[PDB]
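Just so you know, all these numbers are worked out from the coordinates, no wet-lab data involved. So basically every Cβ, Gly included, is an ideal-geometry build from the backbone, and we count neighbours across all protein chains shown.
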Number of protein chains: 4
Amino acid sequence: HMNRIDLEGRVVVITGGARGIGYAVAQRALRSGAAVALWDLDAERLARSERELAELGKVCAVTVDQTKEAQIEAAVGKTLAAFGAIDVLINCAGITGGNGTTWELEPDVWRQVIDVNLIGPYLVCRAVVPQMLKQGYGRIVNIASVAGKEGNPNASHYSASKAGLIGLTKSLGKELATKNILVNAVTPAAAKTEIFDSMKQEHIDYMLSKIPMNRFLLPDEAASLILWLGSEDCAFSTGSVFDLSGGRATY
Amino acid sequence: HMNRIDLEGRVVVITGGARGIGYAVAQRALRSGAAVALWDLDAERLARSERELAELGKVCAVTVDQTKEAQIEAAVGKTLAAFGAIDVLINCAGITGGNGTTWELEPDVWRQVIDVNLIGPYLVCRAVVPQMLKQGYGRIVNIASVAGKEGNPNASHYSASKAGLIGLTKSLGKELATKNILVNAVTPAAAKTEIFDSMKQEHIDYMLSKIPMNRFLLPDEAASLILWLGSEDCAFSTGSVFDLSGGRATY
Amino acid sequence: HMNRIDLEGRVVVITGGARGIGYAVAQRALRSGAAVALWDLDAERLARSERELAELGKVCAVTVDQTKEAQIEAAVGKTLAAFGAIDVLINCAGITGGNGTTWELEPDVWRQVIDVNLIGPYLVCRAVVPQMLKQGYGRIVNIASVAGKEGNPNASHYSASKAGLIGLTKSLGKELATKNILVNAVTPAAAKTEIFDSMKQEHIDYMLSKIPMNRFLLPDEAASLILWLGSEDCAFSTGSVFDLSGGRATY
Amino acid sequence: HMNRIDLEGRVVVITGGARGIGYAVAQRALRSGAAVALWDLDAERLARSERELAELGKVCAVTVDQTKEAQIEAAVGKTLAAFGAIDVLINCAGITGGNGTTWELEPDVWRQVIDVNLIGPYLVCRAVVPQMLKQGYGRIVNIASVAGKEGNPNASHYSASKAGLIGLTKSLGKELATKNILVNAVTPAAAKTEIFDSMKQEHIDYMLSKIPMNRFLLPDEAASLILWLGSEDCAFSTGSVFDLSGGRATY
Ligand SMILES: NC(=O)c1ccc[n+]([C@@H]2O[C@H](COP(=O)([O-])OP(=O)(O)OC[C@H]3O[C@@H](n4cnc5c(N)ncnc54)[C@H](O)[C@@H]3O)[C@@H](O)[C@H]2O)c1
Ligand SMILES: NC(=O)c1ccc[n+]([C@@H]2O[C@H](COP(=O)([O-])OP(=O)(O)OC[C@H]3O[C@@H](n4cnc5c(N)ncnc54)[C@H](O)[C@@H]3O)[C@@H](O)[C@H]2O)c1
């Protein structure tokens, strides 16, 4: 009994599309009638995901490091050559940077998390917004985290980067509010994906204990809301934050 | 290009269903396959709305003052006799109480706004939750306001009541988080309905000036998100607040 | 090493002044040079508290039920007869209403908590604000709770009442923003106003598990911030919420 | 009638101390009995500010780029040689980065704002926290902005950097909550640190239209709250955000 999201005729770019939440978003988008451009850093995994997802619809895989402007420019070009538009942008491709106190983390890792998780979505938005303006239509969905609302201990870099991504979402949504391009963020709690391998077990336990629903988020459940925000039904919500924390968040 | 929300086989109670946002929710729910129990104080208008909406699906109209426990009990009984379940509850039936400073409003009007807008949804939830527990399923959607997030000047009673409704939503969602009944609120900005007749023109202008999208909310747009929250696709969001303010709200 | 708050020549009304946080605020206000009007329900506890506090400065004990307009009017008159002004209003008369799920609490207790915790501060503000407008100066501090930010399970009435009090604070602060009367709320965690039952150590452990500082708030610590908000140095903060949750709150 | 903040015997580091809010904080800290280490980039402005402030108490001027680990290490050493401790850290070195839409700002300016406004305070905290842990005491105050709560249009980099700084504050406060080092942020509105161009009265009117108090924040008013958060009376607030927006912020 899933809702039938209407993405017919639309083109959806998904960063981080090779695995995890991004891959589940790709599956649901293809089942909703979209063409999907799957953007990811991991060229080998991306090839396997492309061939799996092609069974569901039109897919174009693009290898891109979303911290590098020149690679993003080439990715926009390849996407437009395949499909002719970018109607929907899902920024999904973050890293955790491991766990440690603010003063014990390595500064190069702190900077890397800010680069991948905050600078990256900024650079992708900078490249894609002019195309959405050209179209007179777009939807942008930034995948943040409940950590960006809350400031998790032992995850200061991750939390600051996702809090910053929420701030970017609020500014960009207000800049585009009269231009038919709506821009929102989602705040998931932990979902059991491969990103768990980059964290300490005690941090995973901590994240679970704070969830009133008493289980982790499933990627398919995340995709339901993410693609709602990528659809025309999302019509009067912009610069806003939509929660996926299983009852945890208090705002 | 609207999404097809799957409410097939479900029963939706809508308070305030005779007009405005509640009526638009009823239309969309019927088009989504739900049976609708339309609850409202205005017995005459409710009869006209029932006969209009019956063209779209199964409708049972129920006259009820949602400040009166005994009338709510009778309304639950009438709804169950018609349709056998209450799967979804949309609390929509608020009043504004006019406009004036906190110290110049009449205390009886201040109390009346709290009664209708906060006590009322509490009493309806109290009566309906045991039925949802009996079913092993429910969705509750409380229609608050951006005023409940922000505290509008000259609307202290309305703002306090809607802020209180958000607090109730957060408590109730956490109480039910392991019971398969998810509970969320929405925060609309102003929509041009008959509720405008109860406010001063300068307050209407104030509300509009704060909207980055530069227009009012349409009832049909509100219904898209309200019924998403009333669907099974809403799966890992509870005790949460979903915005409909056209870019205004900053949280 | 406590700060010396300058309340010299100011008159402070404290509701709930005979007990708990209100009593600690009274002690600190007298030590800061204020005259204090202690407003409370229990004439006997008031008389005892007045005798103790008179050793610190000028105190007027006022018996008043802050849910009753006529008693508030008599209380304002008695305060003005004693001291000639009301410069600062501290609303600290809240009750908890016990604990239970939203659908199992008694409706009359739900209503009583709304009346005491939300209607009461509204009624006191509506009587006191006109006096502050005559003076051209005032400070209002509403004691809310972290429950008003978060929606605690099994405390839906308490949480809704405190969330509503925060909404009132936001509206009233904006109404008075050019009138030299600043209006703010505080959100304490679990405050150690009472030694709990010797059999509830498990529940005490649970409450402390939500507080990163791993102890309860002391009333004297609350009074430091409450009276800062009651002082002239609070100069550019209004309609705002100041946290006292020991690291718990995430906004 | 200002409060007498007790900073007797304490050492306060102020980044951005030569100008604006940082200079006003220095004046108030010296008047409160503190020794002040003024940290700033401009040796010339630092020397002028040091000469003026030395009339109020003990001051050590430290030339440091707070984006450079090696310079921060030299700055901590010079501060400890002069004064023997760092009890209080005020991070007040932010830049605006100009204005423009998200897609038209220069990426190197976007990165520079993140570096100065988010990476810099992180680097200063990582050097100073170990010293506060050796002392068994500290207070950290991060000067953020209302833009970090709200996401101002045409200031996406500034807003994201300040939102990220708030996230860092929340994580670091919780990491230190049992270590006697409390960590909080302030959110000023438009502060009158500089007289704006004589031709921008229309833009000044627009900024003031968003502030209910209808004037700009004064640096000395900001310093009252900033140093309260730097004092022992700030005792049960950590990982929190204290507002200085003149009624604008809605959380
Ligand atoms: N998984 C969770 O529990 C969880 C919780 C909260 C938020 N989130 C967020 O959701 C998003 C998806 O998480 P996930 O669990 O699917 O993660 P994941 O590790 O399974 O997948 C992330 C993907 O991003 C790609 N990627 C990383 N850096 C990149 C870069 N510079 N350029 C391009 N691609 C890059 C990786 O190759 C990978 O395929 C992330 O932004 C994450 O922060 C996840
Ligand atoms: N319309 C807006 O601009 C706007 C903005 C923000 C929030 N909201 C909220 O959305 C909801 C719907 O607003 P609307 O514009 O459709 O209002 P409306 O005035 O058009 O309809 C409200 C309905 O509620 C009914 N009602 C009132 N008191 C009742 C009671 N005690 N018991 C039962 N029914 C009762 C009325 O008869 C009416 O049919 C309200 O809760 C309102 O506060 C509306």
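Inspect region D:147-158 for any residue being without any contact (Cβ under 8 Å) to a residue 60 or more places away in the chain, within 9 Å of another protein chain (Cβ to nearest Cβ), touching a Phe, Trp or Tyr at 6+ places or on another chain (Cβ under 9 Å) and over 24 Å from C:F242 (Cβ atoms) and give the result as yes or no. Spell out how you get there, then give the answer.
So the first thing to find is which residues in region D:147-158 are without any contact (Cβ under 8 Å) to a residue 60 or more places away in the chain, and the list is D:147-148, D:151-156.
Pick out the ones that are also within 9 Å of another protein chain (Cβ to nearest Cβ) and you get D:147-148, D:151-156.
This time we only want the ones that are touching a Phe, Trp or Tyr at 6+ places or on another chain (Cβ under 9 Å), so: D:147-148, D:152, D:156.
The next check asks that each one be over 24 Å from C:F242 (Cβ atoms); those that pass are D:156.
Checked region D:147-158: at least one residue is without any contact (Cβ under 8 Å) to a residue 60 or more places away in the chain, within 9 Å of another protein chain (Cβ to nearest Cβ), touching a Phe, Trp or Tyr at 6+ places or on another chain (Cβ under 9 Å) and over 24 Å from C:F242 (Cβ atoms).
Number of residues in region D:197-222 that are more than 28 Å from D:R31 (Cβ to Cβ) and either more than 7 Å from chain C (Cβ to nearest Cβ) or out of contact with any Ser or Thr (no Cβ under 8 Å at 6 or more places or on another chain) (or both) equals 14.
Could you pull out the residue among C:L225, C:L229 that is under 12 Å from C:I143 (Cα atoms) and more than 9 Å from every other protein chain (Cβ to nearest Cβ)? Quick ask: steps written out before the conclusion?
On the way: C:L225 fails: more than 9 Å from every other protein chain (Cβ to nearest Cβ).
Matching residue, one of C:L225, C:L229: C:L229.
Residues that are surrounded by fewer than 16 Cβ atoms within 10 Å (Cβ to Cβ) and in a helix (DSSP H, G or I) within region C:99-128 comprise C:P107, C:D108, C:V109, listed in sequence order. Within the option set A:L118, A:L176, A:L89, A:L165, being away from ligand 2 (no atom under 16 Å from the Cβ) and farther than 28 Å from A:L46 by Cα holds for one residue only, A:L176. Only one of the listed residues (C:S209, C:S198, C:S237) is under 20 Å from the mean Cα position of the chain (by Cα) and among the polar types (S, T, N, Q). That residue is C:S237. Answer yes if at least one residue in region D:185-196 is farther than 22 Å from D:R215 by Cβ and at the interface with another protein chain (Cβ under 7 Å from one of its Cβ atoms), and no otherwise. No; the residues of region D:185-196 include none that is farther than 22 Å from D:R215 by Cβ and at the interface with another protein chain (Cβ under 7 Å from one of its Cβ atoms).
Only residues that are farther than 15 Å from C:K162 by Cα and part of a helix (DSSP H, G or I) were counted in region B:129-149, giving 9. Given the structure, is C:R19 basic (K, R) and surrounded by fewer than 24 Cβ atoms within 10 Å (Cβ to Cβ)? So C:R19 fits the description; yes.
Residues that are touching a residue at least 12 places away in the same chain (Cβ under 8 Å), more than 22 Å from A:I95 (Cβ to Cβ) and not basic (K, R) were ranked within region A:51-72; the one that is surrounded by the fewest Cβ atoms within 10 Å (Cβ to Cβ) is A:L56.
If you check A:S161 against the conditions, is it part of a helix (DSSP H, G or I), within 13 Å of ligand 1 (Cβ to nearest atom) and within 10 Å of chain D (Cβ to nearest Cβ)? So A:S161 passes the test.
In this structure, is D:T169 in contact (Cβ under 8 Å) with a residue 60 or more places away in the chain, of a type outside the set (D, E) and either under 30 Å from D:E8 (Cα atoms) or buried (at least 24 other Cβ atoms within 10 Å of the Cβ) (or both)?
For D:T169, the condition - in contact (Cβ under 8 Å) with a residue 60 or more places away in the chain, of a type outside the set (D, E) and either under 30 Å from D:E8 (Cα atoms) or buried (at least 24 other Cβ atoms within 10 Å of the Cβ) (or both) - is met.
I'd like the residue in region A:78-121 that is within 13 Å of chain D (Cβ to nearest Cβ) and among the small types (G, A, S) and, out of all such residues, is farthest from ligand 1 (Cβ to nearest atom). The residue in question is A:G100. Among the residues of region C:159-184, those that are basic (K, R) and over 30 Å from A:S245 (Cβ atoms) comprise C:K174, C:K179. Applying the set (1) away from ligand 1 (no atom under 11 Å from the Cβ); (2) at negative phi; (3) surrounded by fewer than 23 Cβ atoms within 10 Å (Cβ to Cβ) to A:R139 leaves exactly one unmet item: (3). Using the structure shown, decide if A:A127 is in contact with a helix residue (DSSP H, G or I) (Cβ under 7 Å, 6 or more places away or on another chain) and either more than 9 Å from ligand 1 (Cβ to nearest atom) or within 11 Å of chain D (Cβ to nearest Cβ) (or both). Yes; evaluated as a whole, the condition is true for this residue. Residues of region B:43-71 that are near ligand 2 (Cβ under 9 Å from one of its atoms), out of contact with any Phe, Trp or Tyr (no Cβ under 8 Å at 6 or more places or on another chain) and among the aliphatic types (A, V, I, L, M): B:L46 alone. Of the residues making up region B:64-106, those that are hydroxyl-bearing (S, T, Y) and under 16 Å from the mean Cα position of the chain (by Cα) number 2. Of the residues making up region D:232-250, those that are at the interface with chain C (Cβ under 8 Å from one of its Cβ atoms), more than 24 Å from C:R4 (Cβ to Cβ) and part of a loop (DSSP other than H, G, I, E, B) are D:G239, D:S245, D:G246, D:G247, D:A249, D:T250. Picking from residues in region A:190-199 that are in contact (Cβ under 8 Å) with a residue 40 or more places away in the chain and surrounded by fewer than 14 Cβ atoms within 10 Å (Cβ to Cβ), the one that is farthest from A:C92 (Cα to Cα) is A:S198. Return yes when A:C60 is within 16 Å of ligand 1 (Cβ to nearest atom), of a type outside the set (K, R) and away from chain D (no Cβ under 14 Å) and no when it is not. Against the criterion (within 16 Å of ligand 1 (Cβ to nearest atom), of a type outside the set (K, R) and away from chain D (no Cβ under 14 Å)), A:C60 qualifies. A single entry from B:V128, B:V109, B:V146 fulfils the requirement of being more than 10 Å from ligand 2 (Cβ to nearest atom) and touching a strand residue (DSSP E or B) at 6+ places or on another chain (Cβ under 9 Å): B:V128.
Quick one: in region A:5-23, which of the residues that are more than 16 Å from ligand 1 (Cβ to nearest atom) and either at positive phi or in contact with a helix residue (DSSP H, G or I) (Cβ under 9 Å, 6 or more places away or on another chain) (or both) is nearest to the other protein chains (Cβ to nearest Cβ)? Restricting to residues being more than 16 Å from ligand 1 (Cβ to nearest atom) and either at positive phi or in contact with a helix residue (DSSP H, G or I) (Cβ under 9 Å, 6 or more places away or on another chain) (or both), the top hit is A:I5.
For A:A177, the criteria (1) aliphatic (A, V, I, L, M); (2) part of a helix (DSSP H, G or I); (3) touching a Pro at 6+ places or on another chain (Cβ under 9 Å) hold in every case but one, which is (2).
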